[PDB]
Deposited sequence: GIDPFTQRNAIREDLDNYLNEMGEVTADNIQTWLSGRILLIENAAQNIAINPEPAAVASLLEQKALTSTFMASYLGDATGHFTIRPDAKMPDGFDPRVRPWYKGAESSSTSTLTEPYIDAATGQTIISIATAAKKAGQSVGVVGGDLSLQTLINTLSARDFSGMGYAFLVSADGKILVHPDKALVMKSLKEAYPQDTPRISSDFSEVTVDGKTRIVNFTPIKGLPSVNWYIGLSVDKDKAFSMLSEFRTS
């Protein structure tokens, strides 16, 4: 048991570091996008920035919304009638953060897919000029986790217990209790009766997220 605990802990730390280092490169691209837009926030300049291959190859789309409701998105897309960027979770979350942020999964207004967004406020010498966001699909996050490793699966859960990414998509945005009503695992401890442990992801901006490692117990050696 000491041996399995030591290994799950070590695997959790590995998986956690790597997803942190997958995310933080993508967080830099958005921050750089926001910084460059703050240079020249004319919508022509904005649109040429978002059309660049480093962004379009990395994200489903990236975009700028501002306090008047103006919205520029690339690749371009017809947004639903009455779409307002200011009421979307990426906008509200970047507004209330002095750093960049990452949203919990939500329903993309463009694709209708489930997505998360990296967003940060774009600031021109103290003044906000809007919020820049980039979108990653839930399926992308599942694939990025399931690529990161021996015995069970990794999933991602917020500190408050909300399951964010899980290879069982039915469990996405269920709380731990709602997903696991009989004997609920607790983040508060780092082992739970499958055996499950939680490893904090360090160094993300604005969020407190955990890697959960879930392994078939008796198969584990």
item: Deposited positions lacking CA coordinates; value: 1 to 11, 161 to 162, 207 to 213, 242 to 250
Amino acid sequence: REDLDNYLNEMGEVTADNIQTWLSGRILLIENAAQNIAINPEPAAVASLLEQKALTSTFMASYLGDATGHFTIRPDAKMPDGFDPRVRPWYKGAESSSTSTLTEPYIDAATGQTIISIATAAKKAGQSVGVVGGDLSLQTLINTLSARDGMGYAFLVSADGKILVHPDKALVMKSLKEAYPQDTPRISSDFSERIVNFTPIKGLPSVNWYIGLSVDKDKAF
From here on, numbers count along this sequence of modelled residues.
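For clarity, a rigid core is taken as the largest C-alpha set superposing within 1.5 Å between two forms.
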property: 184 to 192 against 27 to 35 - segment lying farther from this form in 6 other deposited structures of this protein (CA RMS, rigid core fit); result: 184 to 192
property: Residue 74 dropped from a third or more of the other entries of this protein; result: no
property: Unmodelled in at least a third of other entries of this protein, residue 149; result: yes
property: Of 41 to 49 and 177 to 185, the one with larger mean CA B-factor; result: 177 to 185
property: Mean C-alpha temperature factor, higher of 209 to 217 and 15 to 23; result: 209 to 217
property: Ranked C-alpha temperature factor of residue 33 among modelled chain residues, by third; result: lowest
property: Within-chain third of residue 158 by Cα B-factor, per the entry; result: middle
property: Chain third (lowest, middle, highest) by recorded CA B-factor, residue given as residue 101; result: middle
property: Relative C-alpha B-factor of residue 111, binned into the chain's lowest, middle or highest third; result: middle
property: Third of the chain, ranked by Cα B-factor, where residue 84 sits; result: middle
